[PDB]
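Student: First the structure, which I've put down as structure tokens, then a few questions once you've had a look.
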Amino acid sequence: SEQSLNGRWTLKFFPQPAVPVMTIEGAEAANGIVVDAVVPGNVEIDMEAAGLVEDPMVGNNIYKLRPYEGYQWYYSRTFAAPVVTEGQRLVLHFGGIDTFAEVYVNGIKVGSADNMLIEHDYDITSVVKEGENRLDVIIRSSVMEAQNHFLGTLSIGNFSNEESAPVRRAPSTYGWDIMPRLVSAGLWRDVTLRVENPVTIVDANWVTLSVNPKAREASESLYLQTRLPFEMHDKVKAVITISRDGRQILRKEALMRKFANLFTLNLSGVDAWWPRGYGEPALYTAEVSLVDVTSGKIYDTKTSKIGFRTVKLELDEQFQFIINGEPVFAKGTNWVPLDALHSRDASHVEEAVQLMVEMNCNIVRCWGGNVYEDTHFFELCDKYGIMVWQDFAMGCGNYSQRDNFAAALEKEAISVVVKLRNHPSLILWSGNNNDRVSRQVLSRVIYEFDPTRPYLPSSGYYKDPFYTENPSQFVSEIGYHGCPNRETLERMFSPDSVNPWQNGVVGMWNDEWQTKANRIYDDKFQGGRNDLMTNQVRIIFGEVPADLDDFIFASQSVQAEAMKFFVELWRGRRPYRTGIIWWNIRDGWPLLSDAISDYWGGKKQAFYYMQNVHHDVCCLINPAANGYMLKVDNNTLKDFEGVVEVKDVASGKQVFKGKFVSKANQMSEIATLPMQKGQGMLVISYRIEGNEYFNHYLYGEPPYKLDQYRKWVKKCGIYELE
Amino acid sequence: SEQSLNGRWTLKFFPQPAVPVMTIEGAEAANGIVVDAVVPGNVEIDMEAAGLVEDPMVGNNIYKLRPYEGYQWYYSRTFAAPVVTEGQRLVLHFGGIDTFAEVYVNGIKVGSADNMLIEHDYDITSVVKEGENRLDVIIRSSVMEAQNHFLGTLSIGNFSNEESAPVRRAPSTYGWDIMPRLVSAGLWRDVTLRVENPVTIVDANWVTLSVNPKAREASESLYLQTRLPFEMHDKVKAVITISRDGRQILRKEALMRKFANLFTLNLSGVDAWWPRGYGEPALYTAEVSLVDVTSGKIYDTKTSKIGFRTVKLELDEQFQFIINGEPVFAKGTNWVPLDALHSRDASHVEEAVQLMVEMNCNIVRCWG
């Protein structure tokens, strides 16, 4: 059984002195404040519930959490230890400790945590009592831990904070241009008590050796590691079961004559796992149990949903992902922190993944500035067919080449790889970077613990040749600023600061708008990152509107047209272009950013534009001095037939009407359209297998008139001005 | 302030037994000879002042220092510890310990030195007393330390001594064709006591990003690392000053919101640093201070003379040095030990550098 230690804990906080508190008698003796804390949680959530801090999402209140970065946090609770039989093991499991802390059980230290991003398991079998036991965790300041290290030259001056270089925490917690500075602390993931038998499963590594999708065959390997007392050798059998919706497909039983074994399962009548568009995300329940051959008692059982899929990164001799022997075109978003207070991430995962399902992304890149997402995130990507590109947790910056950092990074890499290597959605590991970390440490971990996935050591006007003539087949990062919806503006800003213009002077941002750009520290300055919004609006629409609703529509339209153009340009230049990962789909804080949706679920206009150019089959138009090139792109393994009609919005004249055949996994040209005069919009209507789809193309050259573009969008009949 | 622990010490020497002396009760109990030693110094300088050895520079007297390679050397003195305020740090600094030694303060070990060539700093804030404190350094034989290692094949038979392979000492001290065999030992560089504030400068790394000599412009970077208590974040400012002969050229102040920062200085009206012949060795005084924004109290200050210069080694495709975008022709000498008793090196540096100035060398290679 598994007993949960989540719930109400006791939290005592106080400023950290020159000598950090490491013991219990020191934590109880320190003059501090005591509050009721919820675990999993962040300490700022507990303090806001106590009325001690104000909502950091509103105004400049984010800077008011500054003093608590030098505090210590004393967690303490009491649990009932279950009765253990002789030979069993009692494990205390922490899913998330932020970050540097000493763990005590019954006044005895059981471990010292030093990594925010990985789990920490402790054996407390010999230190527990009978009845109620006391658990104590004394966390110290993450910021002050940086001064225990001497930084290398290239670790200073990067965009990532110097405080983030020598420690193993999410880099964006120290502040970024898309995430606030909120280091925080606390037990931000589950804390559980586990009772393990003498015979228990240490790890079950499922690996697809081969997959024959057209034959509905697959060869799956199970690298099983167990704890097996020698008196249990030749007396325990491993029971392997592959099932789908309850129906049993294969059952293999084998006697456990050694603690580690490889079982190869040659399956038939099983479907392959495919990313979105290229097929179904077929998942099968894989269960392994350790059963006594005499009494039949089950000692342990591991269950998960696995997918039969092969992954190969073909480096062009600038790459292309090969899934099940087929070259897929990757279209997706970068994944940023779901929340600055990362204990709330698990409450956003389901709804945020749905943003990618609605977008019809087939790939997602987990940004190295974020924590590693939990298992439930990958379980969702498994069943929705979203491939996962995982960067290791290092941000814009170079890191130490010494042995201490390598050992800490090796311990972290092995932990996260073992935790995630069995998800079919996971397809790539990246160093996000001569470097020991990217070309030796991380590559050596992938070499030993996951040889079946590739490892990569490193990663104005939207029609400007900088974007157009970029020779990369696979773009990994690309984004344009977009002002959030009015409702999100009124919620995060003070009433007198909702309008951005200080004194009404167009272009000069007030202090609260400068905070939500994002200004990491509270320095009073004018301009900076927010000027990107007015600059991009001034280019496309000539002048920056003074009215807020006009400025919202203008800024969201610039982001919408720019983002839609990049996707249509990459999908339209196949088969040379092999993939596009844009930045980004969702904000992790109430902020002014280049994401296409906010922290509160407010979808910007770019989200709807991007959604209509991410379909499995998409009719689009690419620019040409000869006029318009009507194309259709197919990101599936099937051919589709439809009828497409293009008419001019301002005149109502029909420019083209005819049927098309979209060949599988390729771009097909439909027709070349006559060049229209001046500026305007073409509406693209096409029907495929009884379903209506819609797209558009804005012709002409900037500067455009804002009021004219708005009429064209409303008459196009696709997007609401809202 | 910085209190110097140089001057007269107590030196006790005796043959090292099979078990090397590591403690104080062992050093005081050993049958040895006691002499007045000058620090910085070499033990042979102290013994020659005592008439115990003859001048090793004359005749074959260099071989008469042979038996002392298997001796131990017990340094000991008494210092007055300054009164420290709450939060400050008392640092004991050794510029040169030759070589393998145990450092004690008030009968408590604070470190074990094992490198003749680098400094050794110790935090003695928690072990000092009030008034007079006792400092003890028990050095053992550098030669006998080699037998604690098993040498690889290509470490044996070289021109450098096999005794020099596993230890971190100057190889020529064991003998060369241009330097005598005189291993020696002792505190051959300064020994000082430092009082550091809670807010102090750990390192100030000045780096020339670019230099435009004809435009008299330069882009200098300052990679600054400090010790900053969190209650001092947003309350200390870094004051950067570039000056020449007193005249101020640039002054930049920035609030210290984190312990490590990069400050880029785009300078104008500054001259580039050139090697001899190719121009003037223009130097500028670079000063960084950590100042309280309220009281104005200065917590620490680092000062040095920096030169705006770029360096690139062009490997011919057999190389050429490129200084400030210009290919320089290097002409100079190799730099060998200034003295077998390396505590006297600092007394020869000024006069020996003048030999290269008179020679008009633009380069010097410091021999390994």
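Student: Using θ = phi - 60° and the Karplus form 6.51 cos²θ - 1.76 cosθ + 1.60, what ³J(HN,Hα) does each residue of the range B:167-174 get, whole Hz, x for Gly and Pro?
Tutor: Residue by residue, the range B:167-174 yields 10, 9, 9, 5, x, 6, 5, 7 Hz.
Student: Out of residues 5 or more away from A:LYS305 or on other chains, whose amide H comes under 5 Å of its own, with H placed 1.01 Å from N in the peptide plane?
Tutor: A:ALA286
Student: How big is the gap, in Å, between the Cα center of the range B:64-132 and the Cα center of the range A:550-626?
Tutor: 66 Å
Student: Now, a different point. Could you pull the Cα extents of the range A:276-396 along its three principal axes, largest to smallest, in whole Å?
Tutor: 57, 41, 29
Student: Tell me, what is the percent relative contact order of the range A:235-284, built from C-alpha pairs under 8 Å that lie six or more residues apart? Spell out each step's value before the answer.
Tutor: Details: 52 pairs, mean separation 14.2, N = 50.
Reported as a whole number, the value is 28 percent.
Student: How many percent of the alpha carbon pairs in the range B:122-280 exceed a separation of 20 Å?
Tutor: 72 percent
Student: Considering the range B:122-196, what Rg and Dmax in Å follow from its alpha-carbon atoms?
Tutor: Computed over the Cα atoms of the range B:122-196, radius of gyration and Dmax are 17.8, 54 Å.
Student: Need one word for chain B: rounded, prolate or oblate. Basis is the Cα gyration tensor (sqrt eigenvalues a ≥ b ≥ c); a/c below 1.5 gives rounded, then a/b vs b/c decides.
Tutor: oblate
Student: What does the charge count around A:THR78 come to, taking other residues whose C-beta lies under 12 Å from its C-beta (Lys +1, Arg +1, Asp -1, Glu -1)?
Tutor: +2
Student: Compute the separation of the alpha-carbon centres of the range A:646-722 and the range B:179-258 and state it in Å as a whole number.
Tutor: So the two Cα centres are separated by 62 Å.
Student: Loop only per DSSP, at most 14 neighbouring Cβ atoms within 10 Å: give me the trypsin sites (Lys or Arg not before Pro) in the range A:610-662, ordered by residue number. Provide the component values of the computation, followed by the final result.
Tutor: Working: sites: A:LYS631, A:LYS638, A:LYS647, A:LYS653, A:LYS657, A:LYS659; in loops: A:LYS638, A:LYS653.
Answer in residue order: A:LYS638, A:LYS653.
Student: Work out from phi, with θ = phi - 60° and the Karplus expression 6.51 cos²θ - 1.76 cosθ + 1.60, the ³J(HN,Hα) of each residue of the range B:354-364, listed in order in whole Hz, and give x for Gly and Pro.
Tutor: Whole-Hz 3J(HN,Hα) from phi for the range B:354-364: 4, 4, 6, 5, 5, 5, 6, 6, 9, 8, 9.
Student: If you look at just the Cα atoms of the protein assembly as shown, how large are its Rg and its Dmax in Å?
Tutor: Here Rg and the maximum Cα pair distance are 35.3, 115 Å.
Student: Once every DSSP H run of n ≥ 4 in chain B is given -39500 (n - 2.57) and the sum is divided by its residues, what mean residue ellipticity at 222 nm do you get, rounded to the nearest 500 deg cm²/dmol?
Tutor: -2500 deg cm²/dmol
Student: For the range A:99-114, just list the computed ³J(HN,Hα) in residue order, Karplus coefficients 6.51, -1.76 and 1.60, θ = phi - 60°, integers in Hz, with x standing in for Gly and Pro.
Tutor: So the J values, rounded to whole Hz, are 10, 7, 8, 10, 9, 10, 9, 6, x, 10, 6, 10, x, 10, 7, 9.
Student: Please give me, ordered by residue number, the trypsin sites (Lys or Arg not before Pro) of the range A:8-98 that lie in loop per DSSP and have at most 13 other Cβ atoms within 10 Å. Display every interim value, and only then the final one.
Tutor: Working: sites: A:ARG8, A:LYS12, A:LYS64, A:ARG77, A:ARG89; in loops: none.
Sparse-neighbourhood loop trypsin sites (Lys or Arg not before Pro): none present.
Student: So for the range A:387-454, what percent of the C-alpha to C-alpha distances run longer than 20 Å?
Tutor: For the range A:387-454, the share of Cα pairs beyond 20 Å comes to 23 percent.
Student: Throw me the Rg/Rh for the range A:310-378, computed over C-alpha atoms with Kirkwood Rh, two decimals.
Tutor: On the way: Rg = 14.4 Å, Rh = 13.8 Å.
Across the range A:310-378, the Cα-based Rg/Rh ratio is 1.04.
Student: Which cross-chain or sequence-distant (5 or more) residues have an amide H under 5 Å from the amide H of A:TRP335, H modelled 1.01 Å from N in plane?
Tutor: Result for A:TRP335 returns A:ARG365, A:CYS366, A:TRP367.
Student: Specify the inter-centroid distance of the range A:6-47 and the range A:452-495, based on alpha-carbon positions, in whole Å.
Tutor: Each part reduced to its Cα centre gives a spacing of 40 Å.
Student: Just add up the charged neighbours of A:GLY678: K/R +1, D/E -1, any other residue whose Cβ is under 13 Å from the Cβ of A:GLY678. Intermediate values should be presented prior to the final figure.
Tutor: Details: positive: A:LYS677, A:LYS705; negative: A:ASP648, A:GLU701.
Charge balance near A:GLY678 sits at 0.
Student: If you don't mind, there's one more thing I want to ask. Under 5 Å between amide H atoms, partner at least 5 residues away or on a different chain: which partners does A:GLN72 have, H built in plane at 1.01 Å?
Tutor: Hits under the 5 Å cutoff: A:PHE14, A:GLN16.
Student: Which net charge results when you count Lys and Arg as +1 and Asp and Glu as -1 among the other residues whose beta-carbon is under 12 Å from that of A:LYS312?
Tutor: Net local charge, A:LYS312 excluded: 0.
Student: Using DSSP to call loops (not H, G, I, E or B), can you name the trypsin sites (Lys or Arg not before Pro) in the range A:206-287 whose Cβ has at most 12 other Cβ atoms within 10 angstrom?
Tutor: A:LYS214, A:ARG257, A:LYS258
Student: Please say if the range A:527-603 is rounded, prolate or oblate, where rounded means a/c under 1.5 for a ≥ b ≥ c the square roots of the C-alpha gyration tensor eigenvalues, and otherwise the choice is prolate for a/b larger than b/c and oblate otherwise? Don't jump to the answer; show the numbers that get you there.
Tutor: Numbers: a/c = 2.36, a/b = 1.45, b/c = 1.63.
Oblate, since a/c reaches 1.5 and b/c is not below a/b.
Laboratory data are not the source of any read-out in this text; all were calculated from the coordinates shown. Cβ coordinates were reconstructed from backbone atoms using ideal geometry, including for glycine residues, and neighbour counts include every protein chain displayed.
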